[PDB]
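Let's start with one chain on its own, the form deposited without the ligand, as structure tokens.
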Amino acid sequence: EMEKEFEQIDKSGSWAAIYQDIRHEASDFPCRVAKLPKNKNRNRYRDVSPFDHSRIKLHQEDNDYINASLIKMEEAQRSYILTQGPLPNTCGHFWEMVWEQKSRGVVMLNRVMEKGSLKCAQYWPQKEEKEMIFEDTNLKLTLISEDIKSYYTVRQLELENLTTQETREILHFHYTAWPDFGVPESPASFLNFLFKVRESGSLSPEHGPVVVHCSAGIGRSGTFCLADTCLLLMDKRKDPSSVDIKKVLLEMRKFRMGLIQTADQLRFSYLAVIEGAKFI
């Protein structure tokens, strides 16, 4: 019946009106740590900041700030870390967060170069023979393997703590099929990407929360978590028709501002949940 709500919004063309209502009802919490002049160079965009109450704190004593937010969906029993694409000076902060939060999976929803512009920094090794060292941290990153497919790429990474010589396996799920303009016309490849992340066990609570990021960490990143959470709800509820995508999105926006950036991404999220529910 969520399909019925989709057909009626499509018929009246009210996707922009629906999305604008979501923006009007969205939570507004302070972001004072992010707006400190010390953390300007740690933010990719001045209008995309984490809330104080939900920001991920680095275990570094001097400056614990990273543009990342913890999303807790209690009923769906899932947690995500949403962050921006690492900057050239925050690549060590990124992997420090992954280590400290004990994350198993890293979900990347953008290409490094989209339409002749740098949307993200190369924070993982391109060659298996050359490791990456992050000086400000105690971390060593090594590319073990990668499986390249037409819509996404899965890489096996080894994160080593040089202090204790402890190593962890990090799975890197890189979705590469998102168009430079607009949204995918079909959610088939995006859903197959999500189910691939699910099957790896990375979303399971015995691991730390997965790190999901795009360019700013709100747009495509919101669609991944919104779709994943909405699919979990209608599978564990007695009445799957009680799931409201708008309600779930507003609940999500309590933890990070601006999730789902355009009415086009909102329509795509509807299409992914509808097709995903049909796929079960």
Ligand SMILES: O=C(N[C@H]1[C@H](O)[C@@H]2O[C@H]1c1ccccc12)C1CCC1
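Residue positions are given as counts along the sequence shown, with the first one as 1.
Quick check: 117-125 versus 176-184, which has the larger average CA B-factor in the record? Here the higher of the two C-alpha B-factor means belongs to 117-125.
Of 157-165 and 104-112, which one has the bigger average CA B-factor? Per the deposited B-factors, the answer is 157-165.
Among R42, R253, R55, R237, where is the Cα temperature factor highest, going by the PDB entry? Spelled out: the listed residue with the top C-alpha B-factor is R237.
Could you tell me which one of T142, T90, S202, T137 shows the highest CA temperature factor in the PDB record? Largest recorded C-alpha B-factor: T137.
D264's Cα B-factor: lowest, middle or highest third of the chain? As the PDB entry reports it, the C-alpha B-factor of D264 lands in the lowest third of its chain.
By the recorded C-alpha temperature factor, relative to the other modelled residues in its chain, which third is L233 in? Highest third.
Pull the Cα B-factor of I133 out of the PDB entry and bin it into the chain's lowest, middle or highest third. For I133, the deposited C-alpha B-factor lands in the highest third.
What third of the chain, by the recorded C-alpha B-factor, contains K246? Lowest third.
If you rank every modelled residue in this chain by C-alpha B factor, which third holds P50: lowest, middle or highest? As the PDB entry reports it, the C-alpha B-factor of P50 lands in the middle third of its chain.
Here the subject shifts to the form solved in complex with the ligand, a form of this protein not shown in this document.
Residue-level question: is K38 within 4.5 Å of the ligand in the bound PDB entry, judged on heavy atoms? Result no; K38 lies far from the ligand in the bound PDB entry.
Just to confirm, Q60 within 4.5 Å of the ligand in the bound PDB entry by heavy atoms? Although the ligand is absent here, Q60 would touch it in the bound PDB entry, with heavy atoms inside 4.5 Å.
Are there residues in 133-169 with a heavy atom within 4.5 Å of the ligand in the bound PDB entry, and which are they, in order? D136, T137, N138, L139, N161, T163, in sequence order.
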